[PDB]
Amino acid sequence: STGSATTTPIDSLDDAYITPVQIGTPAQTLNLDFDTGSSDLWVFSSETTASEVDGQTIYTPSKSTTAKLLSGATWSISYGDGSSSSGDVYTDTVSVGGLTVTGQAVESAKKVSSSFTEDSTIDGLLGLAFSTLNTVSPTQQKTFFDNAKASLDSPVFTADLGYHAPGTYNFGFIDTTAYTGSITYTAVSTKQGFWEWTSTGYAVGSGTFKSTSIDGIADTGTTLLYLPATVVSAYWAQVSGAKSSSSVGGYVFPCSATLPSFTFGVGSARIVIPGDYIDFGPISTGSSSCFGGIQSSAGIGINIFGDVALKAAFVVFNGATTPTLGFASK
């Protein structure tokens, strides 16, 4: 089997992407944030504290003939940005782009943090990291991908995120029309439960490539590119007037600037992030100070190849017995 679904930016800055997901019978379609950096499929629901729901579409398990309470199971998750959610668990039928999993754990939120409430466009998350990170207790549950894997034509999914435009998540096949040149594959460590890999270096603009190992995660659920302070300083030093602002919470730059590209290495290959992808616009409405899309990972504890980086590539998440990651230009 295969599936193919379009993923759409939630706003004009590509802050996140939503993908329609069918849950239950008859289908209830929710728009979920596909997140390769976590492993829980959770939704706003009929059980979510009413004051914490503000415009989201909810899953109502009592209206699904295939929903079953997973008795005694609870979940609770905290994300790198400080947001969180928790609740109980149902199993139900879940379909993405024509690919159907029966018996998928659908984690129903009783509580969500303010960041989730305030984002009316995201109805929940669909985790695509390794199932070892799943938070369901006392019986850990599998991701949608893990459940689908044996049925897939090939044990892969691909992320093809757009810049200010829709893109695609495919399951079970590699669309050879969706990228240019060849796909370069690189080793993954699953030791922390992430799609963790090592970039071979970087360049700023038309500058020379610096060969240096940068360990990080491919994370579709993170907006920006978080890299070591040395790398980030080297990038922003090429933008007149750019500076790190503790009050704003990272590097800012004059909105009048033209940003240089940023290149990262994948083995001997190179992925170029155009300068415009690194512009996240005014820090507040009407400001001439703009927020940068490359930020320091110092004090995160991990480097994160988030959407800023991933949307410059066609990315293969290869879930074979020995997982790997592939990147192509597009």
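Each residue's number is its place along the chain shown, starting with 1.
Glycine is treated like the rest: Cβ placed from N, Cα and C.
Now, the feature entries from Swiss-Prot:
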type	residues	note
DOMAIN	17-328	domain 'Peptidase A1'
ACT_SITE	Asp35	active site
ACT_SITE	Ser199	active site
DISULFID	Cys255-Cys290	disulfide bond
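Ranking the recorded positions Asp35, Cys255, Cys290 by the distance of their Cα atoms from the Cα of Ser199 (active site) places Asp35 first. Residue pair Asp35 (active site) / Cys290 (disulfide bond) shows a Cα separation of 26 Å. Annotation for the disulfide-bonded residues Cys255, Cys290: lowest Cβ count within 10 Å of the residue's own Cβ, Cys255. For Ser199 (active site), other Cβ atoms within 10 Å of its Cβ number 22. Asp35 (active site): 21 other CB atoms within 10 A of its CB, across all protein chains.
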